[PDB]
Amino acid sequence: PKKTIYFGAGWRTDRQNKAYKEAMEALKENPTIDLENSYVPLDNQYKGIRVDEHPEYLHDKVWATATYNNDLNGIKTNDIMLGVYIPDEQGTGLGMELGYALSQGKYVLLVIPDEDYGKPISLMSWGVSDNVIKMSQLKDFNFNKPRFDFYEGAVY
């Protein structure tokens, strides 16, 4: 059996982009993930509109509403929530997404790159996650038998 995820991961900084690629690749290799039917936000831009070359839409309340609703709906309609957390950039963005997944009854799984695993994560991130793994365990993670654990590191 397989499972679909919401790809909670930012694409705005060097280290976010590096973590993104690594997590994408992690999931292609994992036989318990159905990546084709997962929700990856960048593949699901509203009406194909690219905010980077069309930033006028950042002032458009309809676009904002559509995008927001689509991401939520992406969390709500998939099995597992995936949070690529960058401890140094204090995991900024996915807080709300992680919180919404918890409210919808999803397994919330934080993945941290190995270079950063062990660094201090926020109390709320530690508390909201059902498990926190290294990037390199993500490929061999069994999403059919997801269990609870604590992060082995500091919590600020």
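One-based numbering along the sequence shown.
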Mean CA B-factor: is it higher for 106-114 or for 49-57? 49-57
As the entry reports it, the stretch among 85-93 and 127-135 with higher mean C-alpha B factor is 85-93
Whose C-alpha has the highest temperature factor in the PDB entry: 121, 26, 40, 101? 26
Ranking the modelled residues of this chain by C-alpha B-factor as given in the entry, is residue 65 in the lowest, middle or highest third? lowest
